[PDB]
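Here is how the chains run, residue by residue.
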Amino acid sequence: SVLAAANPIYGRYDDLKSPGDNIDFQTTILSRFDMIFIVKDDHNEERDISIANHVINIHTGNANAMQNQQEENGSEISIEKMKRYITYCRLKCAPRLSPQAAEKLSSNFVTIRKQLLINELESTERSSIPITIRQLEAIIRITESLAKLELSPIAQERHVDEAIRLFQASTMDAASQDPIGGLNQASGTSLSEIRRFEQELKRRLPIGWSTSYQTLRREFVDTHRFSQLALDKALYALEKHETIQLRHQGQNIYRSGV
Amino acid sequence: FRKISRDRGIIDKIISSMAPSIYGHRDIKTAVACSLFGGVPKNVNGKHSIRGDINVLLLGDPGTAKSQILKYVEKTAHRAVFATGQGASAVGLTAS
Amino acid sequence: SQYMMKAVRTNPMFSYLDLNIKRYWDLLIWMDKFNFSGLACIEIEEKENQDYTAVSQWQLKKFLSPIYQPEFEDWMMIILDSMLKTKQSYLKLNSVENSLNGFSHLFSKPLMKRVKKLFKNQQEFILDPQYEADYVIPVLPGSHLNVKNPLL
Amino acid sequence: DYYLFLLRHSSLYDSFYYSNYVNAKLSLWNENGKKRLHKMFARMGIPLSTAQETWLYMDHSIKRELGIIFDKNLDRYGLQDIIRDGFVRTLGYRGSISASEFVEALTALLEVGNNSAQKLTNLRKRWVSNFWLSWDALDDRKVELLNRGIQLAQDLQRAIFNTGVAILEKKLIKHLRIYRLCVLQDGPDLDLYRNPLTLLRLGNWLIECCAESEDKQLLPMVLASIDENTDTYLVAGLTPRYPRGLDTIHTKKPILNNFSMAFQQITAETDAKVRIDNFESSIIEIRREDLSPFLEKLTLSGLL
Ligand SMILES: Nc1ncnc2c1ncn2[C@@H]1O[C@H](COP(=O)(O)OP(=O)(O)OP(=O)(O)O)[C@@H](O)[C@H]1O
């Protein structure tokens, strides 16, 4: 098995630029990795204080005085015990899938492979992180690995859900970078239509009161101004923390600020 | 050593004694002294290792006595190695 | 003040608003509406030095021990006087409002000695059952903090 | 036998290093004491590599002549008092054990083994539970528990030494007129001093270190340790001790412990939140807030 670590070009991910201009690994090598984790810093104050306290406890000697206790009680095991458990599990068990697990996995593969088509058609450029049959076999392997922990002789939907969630956290998150704006040929008319629609919406709707997506579609599209990409325009306006809020199961669109 | 170590202001004299003939640049001298004395490496439960050495960078205008400070550090250090620019290779600063 | 009132009333947006000035403040310390202090005059007069009244409404005092509540007010009455004196000195002499730089120098030394004496008395009498009437933290509506050392 | 810590289950260097008497007589907590010990071992004729081997695997020739080497060299460094006679018990092809090592193993088994009222109750329940662990080690069938006790004793003595050097280097001991105060508020592994026996270990270390000091005084000592979980100090009063090798002219009924009466007198007069419930009347549990005033009263209490 291969465990690899690397940095992007320019050092940081530089979320302002395209994903293809940030990852120098070709599609040939990136298809052989079951899980890819893109790691970023969020610079939050609470997390920074928690990490600072955790790191200072390590240096001042307060680490060991805690750790042994948990390793004693019920929550941690030593390296040698975990090594012996790993070797016992690998030499004793080799689980198998159930008929319902295959049905749940096939639909997830179809969904995650459909999404890539819409993303590639919208961005009019090929995806840097690929989704292939190896990505289905990876989820199968993760399901069986999860089953291996409990020495279970069969893998079921309980393990399938966790494997799917891990795959969504690892690879689908990396694929779905969702660029706010790249100023490329894709959405070229949108470069002005975004401001046009923002002005039309902010003149129609004062700082109070709300509207609906149904009305904001029907009436603003009867004039043939539809672009099929306005789904994320509302979210981008929401990102300003003032223009748009979504409430009531996403039905209600509320004007909250300038 | 133990007699002069208990005088107040020993740190100030140690800093002032770094590269005496160079005038000013007290922050550079403080950084050089801190790098020379160094920190303490650590190992937590034999599975987590923490480095204990200080690295220093000097970015400045030409003619500000950076190279002379490097030569002084080379002279004072117990074990020192010197390299410059294009005269070093990938395996000349590493194992071959 | 008259020019601002006329300008505000002139605007068609606020033609029907009623505005009246209630007080003039010379020095104001503002935390919230329930905690403030300073020096105010009801209305300015002519050729007579304006009469000023000193107000101090501090709800923060209510959560203190009975022995320290008078001290809180007494020390605020010194802070305000020192600030007024230094502001007058700065006005007379001629990023930072230099009217209030250096006011703490006048009342720092007495405050340190008073705090030391109060701490010594607290150490002496905190465990005395006779003085149990003092050093009692009051219970008030909206009180949540559970705190140990009254002088702190 | 010798006044050495666990000689037959550790090395010779370890026995000389972790001894209360040797530390008192040579001040091993700093560099000078370690250098003096190295010079002594060099003079005696034992290579430093050999003195660090296990007692069973130590050189036979050195082990045979240990008595003469001790007798002829120990006098120069003031350590001639480490030679004594004791009792050694052997059972078949097993190995020899001395009484001192046995009692240290038992004490180690007592110390470590296996909304604040419940927190104290659980601690007291565990302390009760350790009694049967120490009880089982007195049976000849259960020797693995005795070995475990020996290892625990070694670890505990190492921890005591580590805390004592920190106490002695930072000058935490405060010399008041009536007594000497030592309060441990910050540091690692303060969870070992919630047990009275470990605090008595550290107090015995400090008193032994002070007895051989050239300063001539017999003031009682006060040792206080914080528990963050309970937010209480555990406070113990310790009596002074004469030097081990001093003459018998001063020998009498030893110095009397007067902390019980003082604690009762202070507790009766004031409504302090103190707990005096241990069998030893010199150990109390006082809340964090009351420590600083209470001690002041003790200063004026007298009888100390
Ligand atoms: N206070 C000073 N500041 C700068 N230079 C000084 C000072 N005192 C003496 N010098 C002299 O000025 C000259 C310039 O120093 P130096 O050659 O180290 O400069 P540099 O630009 O840092 O060098 P390099 O490009 O080799 O790193 C040296 O001969 C040095 O001895």
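Look up a bit, the structure's there.
These lines cover the structure that appears in this document, whether it is placed above or below. (Residues numbered from 1 in each chain as written, not as in the entry; some residues may be left out. Chains lettered and ligands numbered in written order. Part of a larger assembly, values for the part shown. Heavy atoms only, no water.)

Quick look at the nonpolar core now. Counting residues in each nonpolar core, the largest one holds 64 residues, and the members touching the most others are D:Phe16, D:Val22, D:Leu37, D:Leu79, D:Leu202 and D:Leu223. Counting residues in each nonpolar core, the second largest holds 22 residues, with D:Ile226, D:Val235, D:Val274 and D:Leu295 among its members. (Core = buried A, V, L, I, M, F, W, Y, C linked by side-chain atoms within 4.5 Å. Buried < 20%, exposed > 50% of the residue type's maximum accessible area, 1.4 Å probe, protein only.)

The next point concerns the site of the ligand. Residue and element names in this part refer to chain B. The environment of the ligand is formed by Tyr23, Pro62, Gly63, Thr64, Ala65, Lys66, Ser67 and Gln68. Between the ligand and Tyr23 there is a distance of 3.4 Å, counted from a nitrogen atom to a backbone nitrogen or oxygen. In this structure, an oxygen atom belonging to the ligand sits 3.0 Å away from a main-chain N or O atom of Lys66. Computed on the free molecule, the ligand has an accessible area of 640 Å², of which 52% lies beneath the protein chains in the complex. (Near = heavy atom within 4 Å. Polar contact = N/O pair within 3.5 Å; in protein donor to acceptor, adjacent residues only side chain to side chain. Areas by Shrake-Rupley, 256 points an atom, 1.4 Å probe, with all protein chains shown as cover.)

Quick look at the pattern of salt bridges now. Residues and elements named next belong to chain A. Per the stated rule, a full pass over the model turns up 30 salt bridges over all chains. Of the charged contacts, one joins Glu200 and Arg196 as a salt bridge, the two residues approaching to 3.9 Å between their closest N and O atoms. In this pair, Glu200 and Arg196 both sit in helix 8 (residues 190-204), 4 residues apart, roughly one turn of the helix. Taking the relative accessible area as the measure of exposure, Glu200 reaches 22% and is therefore partly exposed. (Salt bridge = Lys/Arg side-chain N within 4 Å of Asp/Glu carboxyl O. Helix = DSSP H or I, 4+ residues; strand = E, 2+ residues; numbered from the N terminus.)

Residues and elements named next belong to chain C. At a closest axis distance of 11 Å, the pairing of helix 2 (residues 69-93) and helix 3 (residues 104-125) adopts a crossing angle of 170°. Judged on the interaxial angle alone, helix 3 and helix 2 are roughly antiparallel. Contacts from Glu71, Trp75, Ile78, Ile79 and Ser82 of helix 2 reach helix 3 at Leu106, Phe107, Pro110, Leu111, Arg114 and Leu118. Class assignment of the residues belonging to the contact of helix 2 with helix 3 gives a composition of 8 nonpolar, 1 polar and 2 charged. (Axes fitted to C-alpha atoms, helices over the stretch in contact; angles between N-to-C directions. Parallel < 35°, antiparallel > 145°, perpendicular 65-115°, else oblique. Contact = heavy atoms within 4.5 Å. Nonpolar A, V, L, I, M, F, W, Y, C, P; charged D, E, K, R; others polar.)

All names here are of chain A. One open sheet holds the 3 strands; their spatial order is 1-3-2, and the pairing between them is antiparallel. A single partner strand is all that each edge strand has here, and the edge strands are strand 1 (210-212) and strand 2 (245-247). Sheet twist, expressed as the average angle between the axes of neighbouring strands with direction ignored, equals 35°. Where strand 1 and strand 3 (residues 252-254) come together, 3 bridges link them in antiparallel fashion. Each bridged residue has a counterpart across the sheet, and for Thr211 the counterpart in strand 3 is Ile253. (Pairing = 2+ DSSP bridges.)

All names here are of chain C. Negative charge collects at one region of the surface, where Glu43, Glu45, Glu46, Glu48 and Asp51 lie side by side. Along the polypeptide, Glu43 turns up in the loop between strand 2 (35-41) and strand 3 (53-58). The class of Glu43 is partly exposed, set by a relative accessible area of 47%. (Patch = residues over 30% accessible without salt bridge, like charges linked within 9 Å, V, L, I, M, F, W, Y side chains within 5 Å. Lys, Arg positive; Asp, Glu negative; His and termini not counted. Charge placed at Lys NZ, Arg CZ, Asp CG, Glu CD.)

Residues and elements named next belong to chain D. Here strand 6 (residues 232-238) lies mainly inside the structure; 7 of its 7 residues are buried. Burial along strand 6 is two-sided: the face carrying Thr232, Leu234, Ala236 and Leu238 and the face carrying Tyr233, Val235 and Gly237 are both buried. Examined bridge by bridge, strand 5 (residues 221-227) and strand 6 share 7 bridges and lie antiparallel to one another. When the bridges of strand 6 are listed, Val222 appears paired with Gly237. Linking strand 5 to strand 6, which pair antiparallel, is a turn of 4 residues; within it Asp231 sits at a positive phi near 55°. Here 5 bridges tie strand 6 to strand 8 (residues 283-287), and the two strands are oriented antiparallel to one another. Its bridge partner being in strand 8, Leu234 is matched across the sheet by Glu285.

Per the counting criterion, the structure on display carries 21 aromatic pairs over all chains. For the ring pair C:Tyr68 and C:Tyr135, a centre distance of 6.4 Å and an interplane angle of 50° mean the geometry is tilted. For the residue pair C:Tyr68 and C:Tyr135, the accessibility class agrees, reading buried in each case. Following the ring pairs from residue to residue traces out a cluster consisting of D:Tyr2, D:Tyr13, D:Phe16, D:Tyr17, D:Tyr18, D:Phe41, D:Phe70, D:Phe161 and D:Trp205. Lying over the aromatic face of B:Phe82, B:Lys71 brings its terminal NZ or CZ to 4.6 Å of the ring centre. (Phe/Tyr/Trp six-rings, centres within 6.5 Å; stacked < 30°, edge-to-face > 60°. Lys NZ or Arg CZ within 6 Å of the ring centre and 35° of its normal.)

The next subject is the interface of chain C and chain D. Taken together, the contact between chain C and chain D spans 6 residues of the former and 9 residues of the latter. The junction of chain C with chain D conceals about 690 Å² of combined surface from both sides, 59% of it contributed by carbon and sulfur atoms. The tally of links between chain C and chain D comes to 0 salt bridges. At the surface where chain C touches chain D, the tally comes to 1 residue pair in polar contact. (Buried area = accessible area lost by both parts, 1.4 Å probe.)

The first and last C-alpha atoms of helix 8 (residues 144-169) of chain D sit 38 Å apart over 26 residues, in line with the 38 Å expected at 1.5 Å per residue. Of the residues trailing helix 8 of chain D, D:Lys171 is marked for its positive phi of about 60°. (Expected span 1.5 Å × (residues − 1).)

Okay, the pairing of strand 8 of chain D next. Residue and element names in this part refer to chain D. Counting buried residues in strand 8 gives 4 out of 5 residues, a clear majority hidden from the surface. Here strand 7 (residues 274-275) runs beside strand 8; their pairing, made up of 2 bridges, is antiparallel. When the sheet's bridge partners are listed, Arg275 is paired in strand 8 with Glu285.

With that settled, the discussion passes to the side chain of D:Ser15. Residues and elements named next belong to chain D. Its location among the elements puts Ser15 in helix 1 (residues 12-17). Judged by its relative accessible area of 0%, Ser15 falls in the buried class. Excluding residues within four positions of it along the chain, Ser15 makes contact with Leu4, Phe5, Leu6, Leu7 and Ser10.

Time to look at the packing of helix 10 (residues 259-269) of chain D against helix 11 (residues 291-301) of chain D. Residue and element names in this part refer to chain D. Running from N to C, helix 10 and helix 11 point in directions that differ by 120°, and their axes come no closer than 10 Å. Regarding the angle of helix 10 to helix 11, the classification is oblique. Pair helix 10 / helix 11 crosses with right-handed handedness. Packed against helix 10, whose contacting residues are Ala262, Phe263, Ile266, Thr267 and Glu269, the element helix 11 presents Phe294, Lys297, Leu298 and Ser301 at the interface. When grouped by side-chain class, the residues that make up the contact of helix 10 with helix 11 number 5 nonpolar, 2 polar and 2 charged. (Left-handed = near helix turned anticlockwise from the far one by under 90°.)

On to the sheet that holds strand 3 (residues 174-175) of chain D, then. Ordered in space as 3-4-5-6-8-7 (chain D), the 6 strands form an open sheet in which the pairing is mixed. The sheet is open, and its two borders are formed by strand 3 and strand 7 of chain D, each paired with just one other strand.

In this section: the arrangement of the chains. With 3 pairs of chains in contact overall, the contact-richest pair is chains C and D. Contact between chain B and chain C is absent, and the least distance between their C-alpha atoms amounts to 28 Å. As for chain D relative to chain B, no contact occurs, and the smallest C-alpha gap between them is 11 Å.

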